[PDB]
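Presented below, as structure tokens, is a lone chain in the form deposited in one PDB entry.
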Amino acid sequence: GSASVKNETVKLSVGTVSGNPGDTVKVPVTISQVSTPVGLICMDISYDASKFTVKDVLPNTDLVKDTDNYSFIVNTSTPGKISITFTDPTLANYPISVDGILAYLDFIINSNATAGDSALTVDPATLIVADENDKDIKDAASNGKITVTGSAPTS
């Protein structure tokens, strides 16, 4: 009924994870309350480049399919910024209108990283979630918070 022909408010959610210095932490970006197929996703992750270091990111292939159609775009910007963009032209074949995790962000917590809570600032302006009707339909709050335990003498 109210989906596709009607656009809803898609929540982009992230949570709080914990890790140790030298431990690799994976931050899942959760997409919730989606019913209309999304096609345009862009997000800038501005994080602490000294405390964390991104390895790579895992796209959820349930949602993002046939990434070879340039549906998967990751530009590793100047240290601390990750420009991630998922734009899929294959949205009629694969309608991302189902919930789950969008992508998993893998960050290594640095050896010299200080304990405490440090959140990853996902830039809300560069964060764009538009469907095939090109409407930004996101209720988004995304600051992936990583609680560094600091389980060591110090680091």
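We number the residues from 1 along the sequence you see.
Form solved in complex with a partner chain: not shown, discussed below.
*Asks:* Though the partner chain is not shown, can you say which of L40, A115, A119, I108 has a heavy atom within 4.5 Å of it in the bound PDB entry?
*Replies:* Selected option: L40.
*Asks:* Classify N69 as contacting or not contacting the partner chain in the bound PDB entry by the rule of any non-hydrogen atom within 4.5 angstroms, answering yes or no.
*Replies:* Yes - in the bound PDB entry, heavy atoms of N69 and the partner chain come within 4.5 Å of each other.
*Asks:* Would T87 count as touching the partner chain in the bound PDB entry under a 4.5 Å heavy atom rule?
*Replies:* Judged by the heavy-atom cut-off of 4.5 Å, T87 is in contact with the partner chain in the bound PDB entry.
*Asks:* Indicate whether the partner chain has at least one heavy atom within 4.5 Å of a heavy atom of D136 in the bound PDB entry.
*Replies:* Because a heavy atom of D136 falls inside 4.5 Å of the partner chain in the bound PDB entry, the answer is yes.
*Asks:* Taking heavy atoms and a 4.5 Å cut-off, does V57 contact the partner chain in the bound PDB entry?
*Replies:* No, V57 sits far enough from the partner chain in the bound PDB entry that none of its heavy atoms falls within 4.5 Å.
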